[PDB]
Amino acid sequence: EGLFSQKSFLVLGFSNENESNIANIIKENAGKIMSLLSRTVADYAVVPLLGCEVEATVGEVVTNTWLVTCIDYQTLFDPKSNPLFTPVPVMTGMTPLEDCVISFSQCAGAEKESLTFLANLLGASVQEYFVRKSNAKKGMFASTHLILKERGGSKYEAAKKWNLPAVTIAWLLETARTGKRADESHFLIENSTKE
C-alpha cells in the first residue's frame, strides 16, 4: 500500500499552484486531503518551511520538506527527527550572514534545498564546492563556513586543514531564530558527538 495510506492531510499556506501540486503528490501516495471544516482531526497539516496560519486541530504541523523527504526515501519519518520537518522560526528581514560563504556537507535533496534557502535568506552565499581560495575561472568563492551533520568526509578534513569553522545545522537555525550571527564555537562539529 501507498506511503500515506490511512493518513489524512490539510495543505495550508501555499499558492494555488503549490497547494494543488502538493495535494496531488499526497494523493498519488494514497493520502487523504481534508477540509478545514472536516469532521475529524487530520493527521498532518502540511505547511511552508517558515509556517503559516493553522486554524484547526491536527495531529502534527509538518513542512513540505518533510513531505518530500518521506517520498524520496519511501519512509514515513517522524517529524521530530529533523528540525526542517516542522516550521522553522526565522527573524524576518535580518541578514546576519551577508559576509559569510557557506558550503554544505552530508545534506541532500529537499533538506539541502531548504538549508540553502535559509542560508540565502540570511544573506550568505552558498557554494556547491568547499575551497579556501576563490577561482574566477570556475566562478567559485572560498567558503568561510562548512555546515554538516557528522565528523567525517572530504570537506570535513579540509576544514580542519584550512582552520575553517565546521558547524552543525543548529548554528544556522539559531542564527535564523535570532537574526544574529551565532557563536560558531558553540556549534563545532568536533564537539557534537553524543552517546
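Numbers follow the displayed sequence, beginning with 1.
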Stretch with the higher entry mean CA B-factor, where the candidates are 131-139 and 64-72: 131-139
Stretch with the higher entry mean CA B-factor, where the candidates are 88-96 and 101-109: 88-96
Member of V58, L37, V167, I26 with the greatest C-alpha B factor (per the PDB record): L37
Options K32, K149, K155, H145 - largest CA temperature factor per the record: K32
Third of chain Cα B-factors occupied by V41: highest
Chain thirds of CA B-factor: placement of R181: middle
Ranked C-alpha temperature factor of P79 among modelled chain residues, by third: highest
